[PDB]
Amino acid sequence: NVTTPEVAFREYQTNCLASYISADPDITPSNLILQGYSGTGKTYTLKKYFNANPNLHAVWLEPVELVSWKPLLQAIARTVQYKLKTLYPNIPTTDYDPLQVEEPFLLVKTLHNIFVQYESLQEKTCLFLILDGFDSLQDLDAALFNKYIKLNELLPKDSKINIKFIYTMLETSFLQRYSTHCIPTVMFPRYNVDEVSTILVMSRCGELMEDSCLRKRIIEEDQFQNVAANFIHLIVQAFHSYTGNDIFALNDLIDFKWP
Amino acid sequence: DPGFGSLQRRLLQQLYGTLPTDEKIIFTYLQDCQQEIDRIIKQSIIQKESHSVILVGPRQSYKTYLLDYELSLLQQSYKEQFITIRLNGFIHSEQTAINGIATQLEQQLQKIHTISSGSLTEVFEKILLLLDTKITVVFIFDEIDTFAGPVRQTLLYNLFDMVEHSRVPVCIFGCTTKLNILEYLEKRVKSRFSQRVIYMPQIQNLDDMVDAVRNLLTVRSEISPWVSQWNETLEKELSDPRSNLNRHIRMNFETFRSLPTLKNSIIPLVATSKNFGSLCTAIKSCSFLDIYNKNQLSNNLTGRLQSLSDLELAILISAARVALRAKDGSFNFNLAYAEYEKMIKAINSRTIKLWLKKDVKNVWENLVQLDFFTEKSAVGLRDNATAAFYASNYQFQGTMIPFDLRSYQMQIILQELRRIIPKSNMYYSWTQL
Amino acid sequence: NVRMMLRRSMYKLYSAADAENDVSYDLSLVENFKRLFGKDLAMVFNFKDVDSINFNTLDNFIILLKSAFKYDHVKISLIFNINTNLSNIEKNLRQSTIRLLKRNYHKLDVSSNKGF
Amino acid sequence: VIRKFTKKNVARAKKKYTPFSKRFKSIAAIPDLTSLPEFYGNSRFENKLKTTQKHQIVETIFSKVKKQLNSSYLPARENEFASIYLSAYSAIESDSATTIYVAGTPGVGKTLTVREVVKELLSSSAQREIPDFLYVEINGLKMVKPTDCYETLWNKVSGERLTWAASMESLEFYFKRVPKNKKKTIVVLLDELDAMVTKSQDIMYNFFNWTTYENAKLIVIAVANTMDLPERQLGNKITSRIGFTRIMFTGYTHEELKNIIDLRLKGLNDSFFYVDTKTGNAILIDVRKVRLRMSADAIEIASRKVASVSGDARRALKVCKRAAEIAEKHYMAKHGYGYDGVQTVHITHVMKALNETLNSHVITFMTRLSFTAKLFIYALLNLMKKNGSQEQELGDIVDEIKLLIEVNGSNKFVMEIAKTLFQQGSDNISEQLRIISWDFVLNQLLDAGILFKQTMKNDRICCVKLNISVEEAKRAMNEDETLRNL
Ligand SMILES: Nc1ncnc2c1ncn2[C@@H]1O[C@H](COP(=O)(O)OP(=O)(O)OP(=O)(O)O)[C@@H](O)[C@H]1O
Ligand SMILES: Nc1ncnc2c1ncn2[C@@H]1O[C@H](COP(=O)(O)OP(=O)(O)OP(=O)(O)O)[C@@H](O)[C@H]1O
Ligand SMILES: Nc1ncnc2c1ncn2[C@@H]1O[C@H](COP(=O)(O)OP(=O)(O)OP(=O)(O)O)[C@@H](O)[C@H]1O
Ligand SMILES: [Mg+2]
Ligand SMILES: [Mg+2]
Ligand SMILES: [Mg+2]
């Protein structure tokens, strides 16, 4: 009942995403972790999966912008309210102040008060709260993630709206701190040089071939795509030992050395 | 066909435990513990006795599952006889637990037919007026060790006094992982506790895991045409001692001994099947379990090593050589670069581009970021938010000296690199001293 | 720390926007700026005595401010008051931050000794 | 106005700020406080917790024994009762102010006999032998803040609600300047006084200082768990200046605990009951007549075991209740009875109920772990046997595990399990630096409290210690048939 899109070297990750993320709350886990290092395509694969399934209701939060735990709780309450009133505009709701959430218990109380006024819905739905970069929080004590694992236990089980948490994290050791919780985890291993080269070609050839400097150079004096791809492989062959398998650093080097 | 979709949905709801209460699956090795819990709750909601009991067991040892199944069993027969207050030790602090108790009391009393209004002193006085036939109040306390702190254990004292002396029937279920939970309590709190400690039953033998898997995956209701044939395929694979399923169950029994760990792998095996024959082939081979196990280890220190470039690997080997020769295992960027440059010179004497210091700085930062290196005597990620707040207002000495002089230590030693790096690599000979 | 940098920056941003309903002093004020005030946002950060600020904190703050690039109504300018030289600054910043800062930067000798 | 932070959940009580020194113009302007309907006390939440039952409870013959051994329901405390009663009676009849400090370990009958002294005093005041008095009970472990006692006592005295500092000045002005003929005597039970003195000694010194006033008419009974609490919270000069009565409460002996238990069971032992044979309901006197008994040696050894360890009445009553519960569980399982000749509670039931308290589950938990967790504990025990440090680095544990796998290559089990431990039985998985489920069993042993791990982000040099002892670990690994021969 779900659509599995094509991501070029993330087929297993997309199949696991289709196996775990569903509109039916009975067959969906409470917490899901996508673990991978920088530039491993976690955000890209999750965005492709959610845009391939427009009936899935997802709220995107990036916790690097919130820094501390209290703005994260306030952002959860505010964005959940906003998504619900632009999703169900014919349900009259009391707009709770997100700034009243100053404790995790206050988040539980506020989410309960938000969810009780949507009991008039027909079927049980899923709210996907994507915490894209949980361990990119700047303060980041060990005890914070345990509050978010057990958050669903304090909310009513027979509610019409059920919150599902999808976490994206970077470091392996942070994840291995919580190994006994048995949360389903999808790994995003680092790409190899061939995969990085193909991703760089498919993501930058259309921007390089349509750049203003190249079309000024052809008037001052398929094959445009050939020369852009050849520049990308020349950059990779010259600088893969220096950048490693970093997509971002090779993108900066391509942008610096293209003109 | 909709029959395979119905069967796949049924298998997924059996694996997540989201069946109704009359169809809920209870493992045999848990049953006695379940019966004991079934006794205590039935002595509180029906017979109005007061109980206090702590459930001790590891994570994912079915404490919350059995408590929830008991409560939802009692909810379909005696729904006007009890209310439920649930607290969690991670979420509720010593102040907010009182507010949580009062809020849950006022909603649970309105679900059958103000305490929560005012300051914390007024709310706590009203709670003690309420608590210190009759409706049974059942408390479910998750992570009860956090409230048995080296600080005034005020809430546990009052709850156990409500157990001993109050005319309101009160049942406390604490839940903890700590085996020495009785040592956490203060003497007055321990004396008021009933000392009824239920240790959760462990898996003792392989047939317990086999029977639990047979309970989890057998469809015991004729809701699909494929039900009987899936059941006999399952019984044929679980009866063969040399099947792939029994091999993976034995492997889990010897490594994890965790049924939720096995369920997390079985769920996308069932959910990625496209038809009934594909599902039968997948349960015959369990090749998806091998692919899953390979994915679960892809970002440890082994799979991260195979993603490195040759310059990154050379810098890592040089840093490991300096760390092995050092007395305390400490090194910096300059010593690692000196080892690297003499290593490239000795290779080129017997070609490889020698990279400059400014280019090796980026490789060094990438090796620090991938947790191959670690700052010397670094605490890292603090235990609680107060320690992290104290650390965030301190200016560490490593953040002011230049980057080439920072002391670092290896997360992987040179012997481990010699174990993992293949023989055909051009830097394999420098994994020995 | 980075938290105090963001909290002071968003308090000053909200105060300056109100000067010509309380909010959280974090980067969601930046993304909601056109919803509250109706106009686009141009932030000019002036770091004073850059040779004195802890460089790990400054690097993490620049990486934090990178998150505002996905909003189409925000442009950010950074002004660095360098006292020693530029080579002393880039040896204390990480290489990805230097690659980020390299896209458009302008040097300006602002000393009274220049040219006499 | 743009705010720097917000406090949106402030709930403030409607408590006034003006103390009792400004309620009247002069000290001679104060009327008779006994003839006032707000002073001296001159519970609507029961009907919230009310419902109707549909089915009758089956009250089993053992449920009388269980219900009658509860702490909610004064043998052996006669000198203590006499001392507290004569001190309080002599201070009430002389219109004086006194304080009695009572100390002791939990469960020795401190609060019970202080309450019984107080009810006997109330009964004697009902016979007009002594003048009337107010009774206030202040528990230090039933508060949010320790200063709330000031809010509580004054609210029991005057009937008004003040903040704690204004309440403290009000109580000072009441005990100092208000004349004795215009006030009533007050008996205060200060239970859990160590809960109210942890931050500072203001409440202790204030409550003891108020009994030195000639106008106070105040009886303070202060109950605590240590004896040197006034000697260490106040100085010796202050405690000599007040001069409190000092009473200790030693733990009960086994004979006293035995008399307590069979006085709880005076009307039930060796008694007849009409028992419904199809349901199990019993009525104290198709129906069978069953006698019920508890043997003397069961109560004797229970009271002997409790008096050796703690000596408190709560533990003895609770092991008797647990023995009755175990007997009723076997009785209900045997007869197939529901919830809605001679029946005895035996010596073996008391044995089992005591053994649940006595025994530890550490060895039993460690013998049922996986091979990898037992491998971790065995490698740890080998490391503390070799270098003798009691803290081992995690990398040393990793190398010891690798060495134990590599050395025992001729063993059938290790040869069969090594592919599982380092490749998860798969040829597409590379050989790993850690064993499979390494961090899983490390986190499980940390969560169980078997281990302690220091906070260090380098996973190799981080240290781990056994948090239990070495002998339970040795007993656990010698049980395993795999570890004990290698
Ligand atoms: N499989 C892919 N196919 C095409 N483009 C890809 C793929 N993976 C990554 N990219 C490109 O690389 C960029 C970086 O990937 P992405 O931002 O998803 O990584 P990430 O793991 O979420 O990173 P971070 O940890 O920094 O947040 C993407 O925005 C996209 O342009
Ligand atoms: N209400 C529930 N309904 C269905 N399945 C549940 C429910 N509660 C728990 N489970 C499942 O039961 C299994 C055991 O986990 P459970 O949370 O019960 O263990 P636990 O010992 O209480 O854990 P912890 O100590 O970490 O709180 C898991 O697979 C979990 O998903
Ligand atoms: N002498 C006794 N006779 C009968 N029952 C007793 C006696 N002493 C104690 N008990 C029983 O044990 C319970 C504990 O007594 P009590 O509450 O007075 O102890 P305590 O010394 O004040 O304890 P704590 O320091 O824990 O508050 C009583 O409520 C009563 O049920
Ligand atoms: Mg991303
Ligand atoms: Mg639980
Ligand atoms: Mg007491």
# chains A, B, ... in the order shown; residues from 1 in each chain; ligands from 1

call {"tool": "residues_around", "arguments": {"residues": "residue 77 (chain D)", "least_positions_apart": "2", "cutoff": "9 Å", "atoms": "only C-alpha atoms", "output": "ChimeraX atom specification"}}
result
/D:74-75,79-82,109,113,249

call {"tool": "closest_atom_pairs", "arguments": {"of": "chain D", "to": "chain B", "cutoff": "7 Å", "atoms": "only C-alpha atoms", "output": "JSON lines"}}
result
{"residue": "D:11", "atom": "CA", "partner": "B:119", "partner_atom": "CA", "distance": 4.9}
{"residue": "D:12", "atom": "CA", "partner": "B:119", "partner_atom": "CA", "distance": 5.4}
{"residue": "D:13", "atom": "CA", "partner": "B:119", "partner_atom": "CA", "distance": 5.7}
{"residue": "D:43", "atom": "CA", "partner": "B:129", "partner_atom": "CA", "distance": 6.6}
{"residue": "D:45", "atom": "CA", "partner": "B:130", "partner_atom": "CA", "distance": 5.7}
{"residue": "D:46", "atom": "CA", "partner": "B:130", "partner_atom": "CA", "distance": 6.9}
{"residue": "D:49", "atom": "CA", "partner": "B:135", "partner_atom": "CA", "distance": 5.2}
{"residue": "D:50", "atom": "CA", "partner": "B:134", "partner_atom": "CA", "distance": 5.0}
{"residue": "D:51", "atom": "CA", "partner": "B:133", "partner_atom": "CA", "distance": 5.8}
{"residue": "D:52", "atom": "CA", "partner": "B:133", "partner_atom": "CA", "distance": 5.8}
{"residue": "D:53", "atom": "CA", "partner": "B:133", "partner_atom": "CA", "distance": 6.3}
{"residue": "D:57", "atom": "CA", "partner": "B:47", "partner_atom": "CA", "distance": 6.3}
{"residue": "D:71", "atom": "CA", "partner": "B:164", "partner_atom": "CA", "distance": 5.8}
{"residue": "D:72", "atom": "CA", "partner": "B:165", "partner_atom": "CA", "distance": 4.5}
{"residue": "D:106", "atom": "CA", "partner": "B:188", "partner_atom": "CA", "distance": 5.5}
{"residue": "D:107", "atom": "CA", "partner": "B:191", "partner_atom": "CA", "distance": 6.9}
{"residue": "D:141", "atom": "CA", "partner": "B:154", "partner_atom": "CA", "distance": 5.8}
{"residue": "D:142", "atom": "CA", "partner": "B:158", "partner_atom": "CA", "distance": 6.9}
{"residue": "D:144", "atom": "CA", "partner": "B:121", "partner_atom": "CA", "distance": 5.8}
{"residue": "D:314", "atom": "CA", "partner": "B:191", "partner_atom": "CA", "distance": 6.7}
{"residue": "D:318", "atom": "CA", "partner": "B:194", "partner_atom": "CA", "distance": 6.8}
{"residue": "D:339", "atom": "CA", "partner": "B:46", "partner_atom": "CA", "distance": 6.9}
{"residue": "D:340", "atom": "CA", "partner": "B:46", "partner_atom": "CA", "distance": 6.9}
{"residue": "D:362", "atom": "CA", "partner": "B:179", "partner_atom": "CA", "distance": 6.9}
{"residue": "D:368", "atom": "CA", "partner": "B:204", "partner_atom": "CA", "distance": 6.0}
{"residue": "D:370", "atom": "CA", "partner": "B:254", "partner_atom": "CA", "distance": 5.3}
{"residue": "D:371", "atom": "CA", "partner": "B:254", "partner_atom": "CA", "distance": 5.4}
{"residue": "D:372", "atom": "CA", "partner": "B:255", "partner_atom": "CA", "distance": 5.6}
{"residue": "D:420", "atom": "CA", "partner": "B:251", "partner_atom": "CA", "distance": 6.5}
{"residue": "D:426", "atom": "CA", "partner": "B:290", "partner_atom": "CA", "distance": 6.4}
{"residue": "D:429", "atom": "CA", "partner": "B:294", "partner_atom": "CA", "distance": 5.7}
{"residue": "D:432", "atom": "CA", "partner": "B:302", "partner_atom": "CA", "distance": 6.0}
{"residue": "D:433", "atom": "CA", "partner": "B:302", "partner_atom": "CA", "distance": 6.7}
{"residue": "D:436", "atom": "CA", "partner": "B:255", "partner_atom": "CA", "distance": 6.4}
{"residue": "D:437", "atom": "CA", "partner": "B:255", "partner_atom": "CA", "distance": 5.8}
{"residue": "D:444", "atom": "CA", "partner": "B:58", "partner_atom": "CA", "distance": 6.7}
{"residue": "D:447", "atom": "CA", "partner": "B:177", "partner_atom": "CA", "distance": 5.8}
{"residue": "D:448", "atom": "CA", "partner": "B:178", "partner_atom": "CA", "distance": 4.7}
{"residue": "D:449", "atom": "CA", "partner": "B:178", "partner_atom": "CA", "distance": 5.5}
{"residue": "D:455", "atom": "CA", "partner": "B:379", "partner_atom": "CA", "distance": 5.7}
{"residue": "D:456", "atom": "CA", "partner": "B:379", "partner_atom": "CA", "distance": 4.4}
{"residue": "D:457", "atom": "CA", "partner": "B:380", "partner_atom": "CA", "distance": 4.8}
{"residue": "D:458", "atom": "CA", "partner": "B:374", "partner_atom": "CA", "distance": 6.1}
{"residue": "D:459", "atom": "CA", "partner": "B:411", "partner_atom": "CA", "distance": 6.6}
{"residue": "D:460", "atom": "CA", "partner": "B:411", "partner_atom": "CA", "distance": 6.1}

call {"tool": "residues_around", "arguments": {"residues": "region 18-34 of chain C", "least_positions_apart": "4", "cutoff": "9 Å", "atoms": "only C-alpha atoms", "output": "PyMOL selection string"}}
result
(chain A and resi 64-67+71+74-75+99) or (chain C and resi 3+6-11+13-14+38-41+64-65+67-68+71+73-74) or (chain D and resi 2-6)

call {"tool": "write_last_selection", "arguments": {"atoms": "C-alpha atoms", "output": "CSV table (one decimal), in the first residue's frame"}}
result
chain,number,residue,atom,x,y,z
A,64,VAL,CA,20.6,22.0,14.8
A,65,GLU,CA,18.6,25.2,14.5
A,66,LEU,CA,17.0,24.7,18.0
A,67,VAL,CA,20.3,24.1,20.0
A,71,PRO,CA,13.3,25.1,22.0
A,74,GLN,CA,8.4,24.1,21.8
A,75,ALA,CA,9.1,23.5,18.1
A,99,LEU,CA,5.8,28.7,24.9
C,3,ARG,CA,23.8,28.7,22.5
C,6,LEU,CA,22.3,32.3,19.0
C,7,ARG,CA,20.2,33.5,22.0
C,8,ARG,CA,21.8,37.0,22.0
C,9,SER,CA,21.6,37.2,18.2
C,10,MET,CA,17.9,36.3,18.0
C,11,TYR,CA,17.0,38.6,21.0
C,13,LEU,CA,17.1,40.5,15.9
C,14,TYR,CA,13.6,40.3,17.4
C,38,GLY,CA,6.1,40.5,6.3
C,39,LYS,CA,9.4,41.6,4.8
C,40,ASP,CA,12.7,39.9,3.9
C,41,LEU,CA,15.6,39.7,6.3
C,64,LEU,CA,24.7,26.9,12.6
C,65,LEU,CA,24.2,30.0,10.5
C,67,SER,CA,21.2,26.3,8.1
C,68,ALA,CA,19.5,29.6,7.2
C,71,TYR,CA,15.2,30.0,3.4
C,73,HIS,CA,14.0,35.4,2.3
C,74,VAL,CA,17.3,35.5,4.2
D,2,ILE,CA,10.1,42.5,24.4
D,3,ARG,CA,11.0,39.9,27.0
D,4,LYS,CA,14.2,38.0,27.4
D,5,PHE,CA,12.5,34.9,28.7
D,6,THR,CA,9.0,33.9,29.7

call {"tool": "interface_residues", "arguments": {"of": "chain D", "to": "chain A", "cutoff": "8 Å", "atoms": "only C-alpha atoms", "output": "mmCIF file with C-alpha atoms, in the first residue's frame"}}
result
data_model
loop_
_atom_site.group_PDB
_atom_site.id
_atom_site.type_symbol
_atom_site.label_atom_id
_atom_site.label_comp_id
_atom_site.auth_asym_id
_atom_site.auth_seq_id
_atom_site.Cartn_x
_atom_site.Cartn_y
_atom_site.Cartn_z
ATOM 1 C CA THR D 6 8.980 33.915 29.708
ATOM 2 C CA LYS D 7 7.432 32.092 32.664
ATOM 3 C CA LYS D 8 4.042 30.965 31.358
ATOM 4 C CA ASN D 9 3.133 28.290 33.937
ATOM 5 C CA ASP D 439 27.742 -3.011 22.846
ATOM 6 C CA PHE D 440 24.419 -4.788 23.452
ATOM 7 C CA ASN D 443 24.779 -1.809 27.832
ATOM 8 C CA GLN D 444 22.815 -4.715 29.340
#

call {"tool": "residues_around", "arguments": {"residues": "region 121-135 of chain A", "least_positions_apart": "3", "cutoff": "9 Å", "atoms": "only C-alpha atoms", "output": "JSON, numbers by chain"}}
result
{"A": [21, 22, 23, 24, 25, 28, 42, 43, 56, 57, 58, 59, 60, 61, 62, 63, 64, 76, 80, 118, 138, 140, 145, 158, 159, 160, 161, 162, 163, 164, 165, 166, 167, 168, 169, 170, 171, 174]}

call {"tool": "write_last_selection", "arguments": {"atoms": "N, CA and C atoms", "output": "tab-separated table (two decimals), in the first residue's frame"}}
result
chain	number	residue	atom	x	y	z
A	21	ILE	N	7.85	2.60	7.43
A	21	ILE	CA	7.02	3.80	7.42
A	21	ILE	C	5.75	3.51	6.64
A	22	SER	N	4.61	3.60	7.33
A	22	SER	CA	3.32	3.26	6.74
A	22	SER	C	2.24	4.15	7.33
A	23	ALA	N	1.15	4.32	6.58
A	23	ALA	CA	0.02	5.11	7.05
A	23	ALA	C	-0.83	4.39	8.08
A	24	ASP	N	-0.63	3.09	8.28
A	24	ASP	CA	-1.42	2.33	9.23
A	24	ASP	C	-0.63	2.30	10.54
A	25	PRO	N	-1.17	2.84	11.64
A	25	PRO	CA	-0.39	2.92	12.89
A	25	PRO	C	-0.19	1.59	13.59
A	28	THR	N	3.33	0.14	12.29
A	28	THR	CA	4.38	1.14	12.25
A	28	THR	C	5.06	1.22	13.61
A	42	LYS	N	20.92	10.38	3.78
A	42	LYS	CA	19.78	10.11	4.65
A	42	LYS	C	18.63	11.06	4.36
A	43	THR	N	18.92	12.36	4.31
A	43	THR	CA	17.90	13.37	4.02
A	43	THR	C	17.35	13.21	2.61
A	56	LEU	N	1.32	10.38	3.14
A	56	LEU	CA	1.96	10.28	4.44
A	56	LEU	C	2.16	11.67	5.03
A	57	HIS	N	1.76	11.84	6.28
A	57	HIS	CA	1.78	13.14	6.95
A	57	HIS	C	3.05	13.24	7.78
A	58	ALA	N	3.96	14.11	7.35
A	58	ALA	CA	5.27	14.23	7.98
A	58	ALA	C	5.54	15.67	8.36
A	59	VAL	N	6.19	15.85	9.51
A	59	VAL	CA	6.61	17.16	10.00
A	59	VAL	C	8.12	17.14	10.11
A	60	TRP	N	8.78	18.09	9.45
A	60	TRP	CA	10.24	18.12	9.38
A	60	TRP	C	10.79	19.11	10.40
A	61	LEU	N	11.65	18.61	11.29
A	61	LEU	CA	12.35	19.44	12.26
A	61	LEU	C	13.84	19.19	12.14
A	62	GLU	N	14.62	20.25	12.09
A	62	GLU	CA	16.07	20.13	12.11
A	62	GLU	C	16.58	20.64	13.45
A	63	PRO	N	16.99	19.76	14.36
A	63	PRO	CA	17.38	20.20	15.71
A	63	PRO	C	18.72	20.90	15.80
A	64	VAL	N	19.42	21.14	14.69
A	64	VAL	CA	20.62	21.95	14.78
A	64	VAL	C	20.25	23.43	14.88
A	76	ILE	N	8.34	21.23	18.52
A	76	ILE	CA	7.48	20.06	18.31
A	76	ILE	C	6.01	20.43	18.48
A	80	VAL	N	3.53	20.66	15.22
A	80	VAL	CA	2.43	19.70	15.24
A	80	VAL	C	1.09	20.42	15.12
A	118	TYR	N	-9.15	16.09	17.85
A	118	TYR	CA	-9.22	15.47	16.53
A	118	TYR	C	-9.81	14.07	16.59
A	138	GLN	N	23.43	20.92	20.06
A	138	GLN	CA	24.70	21.42	20.57
A	138	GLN	C	24.95	21.04	22.02
A	140	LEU	N	23.27	18.35	24.16
A	140	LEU	CA	23.37	16.91	23.89
A	140	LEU	C	23.91	16.10	25.07
A	145	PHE	N	17.68	11.48	24.84
A	145	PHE	CA	17.05	10.58	23.87
A	145	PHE	C	16.13	9.57	24.55
A	158	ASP	N	-5.33	4.55	22.33
A	158	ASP	CA	-6.52	4.48	21.49
A	158	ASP	C	-6.89	5.83	20.90
A	159	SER	N	-5.91	6.72	20.75
A	159	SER	CA	-6.15	8.02	20.14
A	159	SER	C	-6.25	7.90	18.63
A	160	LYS	N	-6.98	8.84	18.02
A	160	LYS	CA	-7.11	8.86	16.57
A	160	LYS	C	-5.80	9.25	15.90
A	161	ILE	N	-5.05	10.16	16.51
A	161	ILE	CA	-3.79	10.65	15.96
A	161	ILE	C	-2.66	10.07	16.79
A	162	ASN	N	-1.77	9.33	16.14
A	162	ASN	CA	-0.63	8.70	16.80
A	162	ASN	C	0.65	9.29	16.24
A	163	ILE	N	1.54	9.71	17.12
A	163	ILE	CA	2.79	10.35	16.73
A	163	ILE	C	3.86	9.27	16.54
A	164	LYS	N	4.54	9.32	15.40
A	164	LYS	CA	5.64	8.41	15.08
A	164	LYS	C	6.91	9.23	14.94
A	165	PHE	N	7.98	8.77	15.57
A	165	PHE	CA	9.24	9.50	15.59
A	165	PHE	C	10.24	8.84	14.65
A	166	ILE	N	10.81	9.62	13.75
A	166	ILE	CA	11.90	9.19	12.89
A	166	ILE	C	13.11	10.05	13.22
A	167	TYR	N	14.18	9.41	13.68
A	167	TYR	CA	15.40	10.10	14.09
A	167	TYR	C	16.49	9.87	13.06
A	168	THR	N	17.22	10.94	12.74
A	168	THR	CA	18.44	10.87	11.95
A	168	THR	C	19.61	11.22	12.86
A	169	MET	N	20.62	10.36	12.90
A	169	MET	CA	21.78	10.64	13.73
A	169	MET	C	23.06	10.30	12.98
A	170	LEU	N	24.16	10.91	13.43
A	170	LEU	CA	25.44	10.85	12.74
A	170	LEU	C	26.38	9.81	13.34
A	171	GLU	N	26.69	9.93	14.62
A	171	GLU	CA	27.76	9.15	15.22
A	171	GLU	C	27.28	7.76	15.62
A	174	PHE	N	27.06	7.25	19.68
A	174	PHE	CA	25.83	7.79	20.24
A	174	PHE	C	24.68	6.81	20.07

call {"tool": "residues_near_ligand", "arguments": {"ligand": "ligand 5", "cutoff": "7 Å", "atoms": "only C-alpha atoms and all ligand atoms", "output": "list in words"}}
result
residues 63, 64 and 142 of chain B

call {"tool": "residues_near_ligand", "arguments": {"ligand": "ligand 1", "cutoff": "10 Å", "atoms": "only C-alpha atoms and all ligand atoms", "output": "ChimeraX atom specification"}}
result
/A:6-11,34-48,62,132-133,136,168-171,188-191,195-196,198-204,246-248,251

call {"tool": "residues_around", "arguments": {"residues": "residue 214 (chain D)", "least_positions_apart": "5", "cutoff": "9 Å", "atoms": "only C-alpha atoms", "output": "ChimeraX atom specification"}}
result
/D:96-97,175-176,180

call {"tool": "write_last_selection", "arguments": {"atoms": "N, CA and C atoms", "output": "PDB file, in the first residue's frame"}}
result
ATOM      1  N   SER D  96       2.484  25.048  80.691  1.00  0.00           N
ATOM      2  CA  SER D  96       3.869  25.305  80.340  1.00  0.00           C
ATOM      3  C   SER D  96       4.129  24.907  78.889  1.00  0.00           C
ATOM      4  N   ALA D  97       5.388  25.004  78.472  1.00  0.00           N
ATOM      5  CA  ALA D  97       5.811  24.644  77.126  1.00  0.00           C
ATOM      6  C   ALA D  97       6.985  23.683  77.222  1.00  0.00           C
ATOM      7  N   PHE D 175       3.536  33.006  69.978  1.00  0.00           N
ATOM      8  CA  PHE D 175       4.104  32.317  71.128  1.00  0.00           C
ATOM      9  C   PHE D 175       4.801  33.263  72.096  1.00  0.00           C
ATOM     10  N   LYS D 176       5.152  34.477  71.663  1.00  0.00           N
ATOM     11  CA  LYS D 176       5.888  35.376  72.546  1.00  0.00           C
ATOM     12  C   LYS D 176       4.983  36.370  73.277  1.00  0.00           C
ATOM     13  N   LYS D 180      -1.451  34.223  77.989  1.00  0.00           N
ATOM     14  CA  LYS D 180      -1.807  32.819  78.167  1.00  0.00           C
ATOM     15  C   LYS D 180      -3.307  32.615  78.329  1.00  0.00           C
TER      16      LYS D 180
END

call {"tool": "residues_around", "arguments": {"residues": "residue 81 (chain C)", "least_positions_apart": "4", "cutoff": "7 Å", "atoms": "only C-alpha atoms", "output": "PyMOL selection string"}}
result
chain C and resi 47-50

call {"tool": "interface_residues", "arguments": {"of": "chain A", "to": "chain B", "cutoff": "7 Å", "atoms": "only C-alpha atoms", "output": "number ranges by chain"}}
result
A: 15-16, 19, 26-27, 104-105, 139, 141-143, 146-147, 172, 180-182, 184, 187, 189-190, 192, 241-242, 244

call {"tool": "closest_atom_pairs", "arguments": {"of": "chain B", "to": "chain C", "cutoff": "9 Å", "atoms": "only C-alpha atoms", "output": "tab-separated table"}}
result
residue	atom	partner	partner_atom	distance
B:361	CA	C:95	CA	7.6
B:362	CA	C:95	CA	5.8
B:365	CA	C:94	CA	7.3
B:392	CA	C:1	CA	6.5
B:393	CA	C:1	CA	6.9
B:394	CA	C:1	CA	8.9
B:395	CA	C:54	CA	8.1
B:399	CA	C:56	CA	6.3
B:400	CA	C:54	CA	6.7
B:401	CA	C:92	CA	9.0
B:402	CA	C:92	CA	6.6
B:403	CA	C:92	CA	6.9

call {"tool": "select_by_dssp", "arguments": {"residues": "region 129-185 of chain B", "states": "alpha helix (DSSP H)", "output": "list in words"}}
result
residues 129, 130, 154, 155, 156, 157, 158, 159, 160, 161, 162, 163, 164, 165, 181, 182, 183 and 184 of chain B

call {"tool": "closest_residue", "arguments": {"among": "A:112, A:231, A:224, A:79", "to": "chain C", "atoms": "only C-alpha atoms"}}
result
A:79

call {"tool": "atom_distance", "arguments": {"atom1": "CA of residue 217 (chain D)", "atom2": "atom 29 (O, counted along the ligand's line) of ligand 3"}}
result
29.2 Å

call {"tool": "residues_around", "arguments": {"residues": "residue 201 (chain D)", "least_positions_apart": "4", "cutoff": "10 Å", "atoms": "only C-alpha atoms", "output": "list in words"}}
result
residues 194, 196, 197, 205, 206, 230, 232, 233 and 234 of chain D

call {"tool": "atom_distance", "arguments": {"atom1": "CA of residue 325 (chain D)", "atom2": "CA of residue 259 (chain D)"}}
result
21.0 Å
